[PDB]
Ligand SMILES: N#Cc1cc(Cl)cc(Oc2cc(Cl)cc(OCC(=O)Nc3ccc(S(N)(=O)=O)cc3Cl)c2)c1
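Coming up is one lone chain in structure tokens, specifically the form solved without the named molecule.
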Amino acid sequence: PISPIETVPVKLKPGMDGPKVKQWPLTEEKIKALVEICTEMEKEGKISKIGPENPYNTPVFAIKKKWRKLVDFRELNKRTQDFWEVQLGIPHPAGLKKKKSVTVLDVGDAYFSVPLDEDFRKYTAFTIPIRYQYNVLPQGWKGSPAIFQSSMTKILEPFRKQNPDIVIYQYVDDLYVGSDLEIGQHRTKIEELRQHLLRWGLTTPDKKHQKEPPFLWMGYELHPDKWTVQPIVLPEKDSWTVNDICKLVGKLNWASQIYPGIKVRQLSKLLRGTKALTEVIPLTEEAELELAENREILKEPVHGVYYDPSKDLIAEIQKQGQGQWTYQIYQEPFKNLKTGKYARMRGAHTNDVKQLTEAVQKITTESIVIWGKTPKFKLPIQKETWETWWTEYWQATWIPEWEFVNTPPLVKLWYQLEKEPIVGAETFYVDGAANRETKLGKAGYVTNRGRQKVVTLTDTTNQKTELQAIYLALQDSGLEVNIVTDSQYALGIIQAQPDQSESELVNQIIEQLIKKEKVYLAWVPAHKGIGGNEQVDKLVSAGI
């Protein structure tokens, strides 16, 4: 039936007009289901028969759930005004509190219970192969979701006012209703809620009225003291395509919310060169191995718990290598609220302290969404490793309240640049130059002990020659070395202490830095005739 709620006024974008698009041919299985649906809707006021005074038309079709009627308004959606979406995210079971009594209700034929603006009905014209227009929200129009969600909220607002301590999780037409009443009195409230919805035209079919645990909700099963995800099944192909791995990436990601340990780096690295979805791809050993690891952790049984506002939130992070991080959030040990992974690579060059600081940031934001507060952290990093980093590093960086957890692999800084120049260490003056024309270059050094080397490079860049020279000085020096450079580019990278990089060359440099006992890197302004930055400049620029 149809809500007496006020319609929501809606326009086309300025200077535009409704869709005029031919209905494409359609199998009869569908045509039968269409007219079945349309004769009832038309009977009920939800659609009206139009004439030839309606120029517009938009294709319609169906897919099976019973049947769902759809309309390909891709063209109308283009001409319609913008909406601010009111759905800001997805409720998560781990943010639910323990409730004495629980109900889950679905609203029956939701969209078709909300009236569409009169001045806009004409644009919704569609034709069954009979012509109709919509008097209610259509499935396929881009305005239907927000208009539904907002209307629902107006409709629930009075009930929520009158019943501040009944919690109603409202996800489109889905209602989870929780109370601290005994089932008798809870059921009385539910009935009050259902008559409230019915007054506004929204039915709640007993068919989808769940009264006993486990409740089915948002892809989960909610038991009274625990929650679980509904079964996940990974493809078992032998030949894999882009679109197949994506199905696997996606499903793993979804699992990672409650299955600790999941990893998807190598699988993801596969999807890089591809230009189209059909390509098949060799499951590299690195990736094929990952698959099995994940595939193994899924077989084990798993569950989260609910939220007790009167205890603390604790997030505990673990390192998995290759810039991969896993975490678990809990209030009581081995009773997870939920889990997750972090795996984003930010920057050409980074180290494990930065990545850990990014995982903390992510987890903090996610926790604020779900529980409205920050967790306390448990991290594989020494209170003193952190302070070293926080001291030397030039950026503001910070981690909220945390204690160390010696669960390796511990996060560590892999080398430290000296603060003062090194006595009894040979001084290298390095430099590089490149030619923008020919792409030819040179990198070399000159040392206070009389050593001098110049290496010619091909297909290079100025910045590269500059890193090449530093690398060269690292290669030909003892376990202690002073290096003087005039490159802000190179000094900037090395001073931030990366342990991993997208650049092979920086990786090679990193390996050298870890080998060394002591490195002091110092900067001077170029072309100011500083010796013997000046002397190595002549060398590497000659012929360049």
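Numbering starts at 1 and follows the sequence shown.
Heads up, the form solved in complex with the named molecule isn't pictured, but that's what we're talking about next.
Placing the named molecule onto this chain after superposition of the site C-alphas, with its pose taken in the deposited bound form, gives at least three ligand atoms within 2.4 angstroms of backbone or C-beta atoms; the site is classed as blocked. Only one of the listed residues (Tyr123, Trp389, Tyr306, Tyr471) places a non-hydrogen atom within 4.5 angstroms of the named molecule in the deposited bound form, and that residue is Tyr306. Between the named molecule and the residues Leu457, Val136, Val102, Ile329, the one pair within 4.5 Å by heavy atoms in the deposited bound form involves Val102. Partner contact region in the deposited bound form: 174-182, out of 234-242, 406-414, 371-379, 174-182, criterion any non-hydrogen atom within 4.5 Å of the named molecule. Site residues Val8, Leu12 and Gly143 are none of them in contact with the named molecule in the deposited bound form, judged by any heavy atom within 4.5 Å. In the deposited bound form, no heavy atom of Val280 sits within 4.5 Å of the named molecule. The named molecule is not shown here, but in the deposited bound form it comes within 4.5 Å of a heavy atom of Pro91. None of the heavy atoms of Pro129 is located within 4.5 Å of the named molecule in the deposited bound form. Taking non-hydrogen atoms only, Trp402 never approaches the named molecule to within 4.5 angstroms in the deposited bound form. Heavy atoms closer than or equal to 4.5 Å to the named molecule in the deposited bound form belong, across 196-220, to the residues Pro213, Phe215, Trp217, ordered by sequence position.
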